[PDB]
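Quick setup: one chain, the form solved without the named molecule, written in structure tokens, and binding and motion questions come after.
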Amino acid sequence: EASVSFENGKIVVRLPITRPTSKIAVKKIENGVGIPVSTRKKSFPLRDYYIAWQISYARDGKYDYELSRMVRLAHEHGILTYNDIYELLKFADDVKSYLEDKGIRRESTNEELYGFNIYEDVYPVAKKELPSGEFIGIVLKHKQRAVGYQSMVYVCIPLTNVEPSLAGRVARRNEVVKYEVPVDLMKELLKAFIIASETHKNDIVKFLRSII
């Protein structure tokens, strides 16, 4: 439900902010944790607020969706040079372990709760912050209905970096905002998928080699 385009020499994405889903939701960040927010009820003050986007690179087996759509448009308009794709391919070739390798572990402690021993389940999370304010997250979740893991990639875009400014008001009905996607972001998201798992890497490599 995201809309990717090329406008004014810039890759832009238009994102809805009032219909929260697994894929797109506005969050308030406190101590790392992302509190959900309803953008229609409470008014905005702002550095605390992000669009949380679980971004994809394929759909129906097609690599012309969200991230891959942004990349194709960038490469065709010289935002993403052949040089950039080469080094991302080099990065990928150098990557030998993944977030999925780390897995999820259960550790004993020396604590009890009224006679019950306390253990801690430890989930790995990979994160990078761009100087522009965007966050990239890679979370490991226990694969639904199946053994093993799924790695999920998120981009977190501060409300201060979108237009129009939501400052001082509730979102309008079906409000959609526009975000100019910086080349750095596309690079780092491709890198995130590369390290998320070997199967995500193999996909990204085939796609970028596809851009030739």
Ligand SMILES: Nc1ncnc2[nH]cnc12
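From 1 onward, residues are counted along the sequence shown.
Gap check for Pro45 to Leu46: 4 to 9 deposited residues are absent from the model.
Averaged over their C-alpha atoms, the temperature factors of 99-107 and 77-85 are higher for 77-85. Annotation for 48-56 versus 24-32: the higher mean temperature factor (C-alpha) is found in 24-32. Of the candidates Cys156, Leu159, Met70, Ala146, the one whose C-alpha carries the top B factor in the deposited record is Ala146. Looking at the C-alpha B-factors along this chain, the one for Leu166 belongs to the highest third. In this PDB entry, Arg14 carries a Cα temperature factor that places it within the middle third of its chain's modelled residues.
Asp94: CA B factor lies in the highest third for its chain, per the PDB record. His142: CA B factor lies in the highest third for its chain, per the PDB record.
If you look for the form solved in complex with the named molecule, you will not find it shown, but the lines that follow are about it.
With the partner left out here, the named molecule still marks one of 32-40, 48-56, 175-183, 156-164 in the bound PDB entry; by a 4.5 Å heavy atom cut-off that stretch is 48-56. For the chain shown alone, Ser68 is not a contact residue for the named molecule in the bound PDB entry, no non-hydrogen atom being within 4.5 angstroms.
The closest non-hydrogen atom of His200 lies within 4.5 Å of the named molecule in the bound PDB entry. A residue is said to contact a partner when one of its heavy atoms sits within 4.5 Å of a partner heavy atom; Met152 meets this definition for the named molecule in the bound PDB entry. Of the residues in 162-195, only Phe193 comes within 4.5 Å of the named molecule in the bound PDB entry through at least one heavy atom.
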